[PDB]
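Below you'll find only one chain, the form deposited in one PDB entry, shown as structure tokens.
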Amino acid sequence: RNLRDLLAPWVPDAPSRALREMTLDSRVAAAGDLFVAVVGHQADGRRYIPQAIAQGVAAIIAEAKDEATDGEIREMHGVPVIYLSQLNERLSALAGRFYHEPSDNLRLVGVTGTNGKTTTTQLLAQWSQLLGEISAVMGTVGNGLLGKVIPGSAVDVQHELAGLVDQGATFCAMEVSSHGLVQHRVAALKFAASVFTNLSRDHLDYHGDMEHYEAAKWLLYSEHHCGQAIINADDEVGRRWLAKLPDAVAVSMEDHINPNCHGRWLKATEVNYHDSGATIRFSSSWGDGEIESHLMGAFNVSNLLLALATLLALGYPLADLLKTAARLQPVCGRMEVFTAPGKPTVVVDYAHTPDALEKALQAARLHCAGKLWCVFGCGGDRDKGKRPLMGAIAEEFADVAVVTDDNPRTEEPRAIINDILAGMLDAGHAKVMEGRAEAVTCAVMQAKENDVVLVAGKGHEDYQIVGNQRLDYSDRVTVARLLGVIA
């Protein structure tokens, strides 16, 4: 890594200097580093140039605004200070070059939208790895090779992607946030494909507002290297964009493919939501098929179809994708199904808010031939407002509500339960059982073979906080043991 080579596309005359790491933070800026001095929200990195120099940085690239002309090379205490205009906009490119263009050395797929990013990225990484990639994810759960995802500027993004390339990754599925996009955090990444799940963007009822939002997003899209575009046609905004993008792939499970456009498409023609997943029949411009998914609910059918369409668009053979679909797993503790011969289906989900609980129950209901049970509680020593709302939801969307404890902390457990029951029309119809393990057991043991039990609020978490004690407890393990299976 050399300053002169780093800057060659933009500044021809730049001095030769060996460089170690690239950093925006003067505090960690060490001997031989490149310090990048940016102007951001209420902070100006240029003010920390002396500190960085004093700490022995090899070189500095700095925002030119109000200080210098674009490409101006200065020297301070023998340290080159090179000024660039619109440095925030160019930081991704600068870091990309610094880290040897990681997105040109693996197949990077970006997933954007309000919901389903995490699941879709996981599915992309898993499925590609099933077909022989070494896959990785970058998202809200963390970054890493599949199964080793460890829990954020344009520099950090490039650095992390380079780390993955160094570890052998040949495929990366990345969550891209609206905020990340707008702040130029992925500006220079070469996406092989870009996936759009959905837009629950409230506050856009005014046509001028929807117009400006769309305009701003279109402008950003046009500036990025998005590669193959894969768009959920079951989303309203999705459809409007598809009408403008004849090379985009349209994905639907609700009959929104327009076959007159002769574009690429994939659509679920029928779905059987059953006691251990979903049987998905689909047609596509690549051929037709049937997938056995072990994911639960309609949203996860959508997520799966988006991943499928993406991998098809990138040239992964349909026959191979079909052969590996049954190996795709849920995100741990997210609508995670547990089944055993002749027992109720049990779903463990992290849902711990009214909206999440409603969604989880509606999803579970699809797979439920019999009665739907909901085992849940609310956290103690936290905002109490959600409690009656979760009670009303459980009463409405489940057939049996089993109210129990969920991290009661130092609050009287029964008081929490009372707040929950208060939200019900008929609290007397709810079951209450304290000891969470006992409540889960009660549902699982009483539920009929064709019933579904949703165990909500913990997901992957393996603790129950009672008092100041973090007790070893897992819904997944409890359910697994009851069903005679392995979590």
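The term rigid core refers to the maximal set of C-alpha atoms that superpose within 1.5 Å between the two forms. Just count from 1 along the sequence shown to find any residue number.
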Does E336 have no coordinates in at least a third of the other PDB entries examined? no
Given the other compared entries that model the residues flanking it, would you say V149 is unmodelled in at least one third? no
Indicate whether the chain is continuous between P151 and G152 or, if not, how many deposited residues are absent from the coordinates: none, 1 to 3, 4 to 9, or 10 or more. 4 to 9
Per the PDB entry, mean CA B-factor is higher for 418-426 or 440-448, namely for 418-426
Comparing 326-334 with 298-306, which stretch shows the greater average C-alpha B-factor in the deposited entry? 326-334
Please pick out which of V28, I61, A58, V453 has the largest Cα B-factor as recorded in the entry. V28
For the CA B factor values reported in this entry, which option in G380, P80, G116, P102 has the top one? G380
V11: CA B-factor among chain residues, third -> highest
Please place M22 in the lowest, middle or highest third of its chain by C-alpha B factor as given in the entry. middle
Could you place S474 in the lowest, middle or highest third of its chain by Cα temperature factor, using the values in the record? middle
On the chain's distribution of Cα B-factors, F397 falls within the third called highest
Once the chain's modelled residues are ordered by C-alpha B factor and cut into thirds, is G287 in the lowest, middle or highest one? middle
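The form deposited in another entry is left out here; the points below concern that form.
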Rigid-core fit between this form and the one not shown, the member of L131, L146, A369, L245 whose C-alpha shifts 2 angstroms or more: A369
Could you tell me whether the Cα atom of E63 shifts by at least 2 Å between this form and the one not shown after core superposition? no
Rigid core superposition, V337 Cα moves 2 angstroms or more between this form and the one not shown: yes
Core fit, then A456 C-alpha moves 2 Å or more between this form and the one not shown: yes
Tell me whether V237 and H207 end up closer or farther apart in that other deposited form, going by their C-alpha atoms; the shift is 3 Å or more. farther
Pin down for me whether the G238-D205 Cα distance shrinks or grows in that other deposited form relative to this form (closer or farther, change of 3 Å or more). farther
